[PDB]
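As a starting point, one isolated chain is supplied in structure tokens, in the form solved without the ligand.
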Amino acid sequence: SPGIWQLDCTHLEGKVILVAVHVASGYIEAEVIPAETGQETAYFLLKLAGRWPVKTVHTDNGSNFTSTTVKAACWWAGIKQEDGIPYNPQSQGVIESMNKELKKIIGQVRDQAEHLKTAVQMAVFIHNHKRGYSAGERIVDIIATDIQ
């Protein structure tokens, strides 16, 4: 479980928000992209895997699962690509709830940021810092425990 991440793609203001969730902790990383292509997803995963020990990724849809560029990035970074099928159906609800929460935070920071990308990063910050421990605290503890 310490190396398991889930991809999540949500939409806002005619733009695409790509999210990676560390399943065990609820910690996230996110980016705004023009559209969800294999290339954008692949680049996002390369960034993620350089920053955290990503062992397995549950991909968000079949197009990214199939993408040769995504497969290339997973090979390069030592990531096992898996499907994101919610065999446990409560999975979908948790993700949907997070997307709602994230959009809510984004709305709350609109007097502060001119650009959506900035608001998304503010939302990442607030999500990861929210307290009981925070998601940021949980991911560090989970990984540290795993190293030692």
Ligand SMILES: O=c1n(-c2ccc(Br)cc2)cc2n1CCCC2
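Residue indices: 1-based, along the sequence shown.
One more form of this protein exists, namely the form deposited with the ligand bound; it is left out here, but the text below deals with it.
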- Pocket accessibility when the ligand, as posed in the deposited complex, is superimposed onto this form, judged at 2.4 Å from backbone or C-beta: open
- Message: When the contact criterion is heavy atoms within 4.5 Å, does residue 82 count as touching the ligand in the deposited complex?
- Response: no
- Query: Hey, in the deposited complex, does residue 102 get a heavy atom within 4.5 angstroms of the ligand?
  - Reply: yes
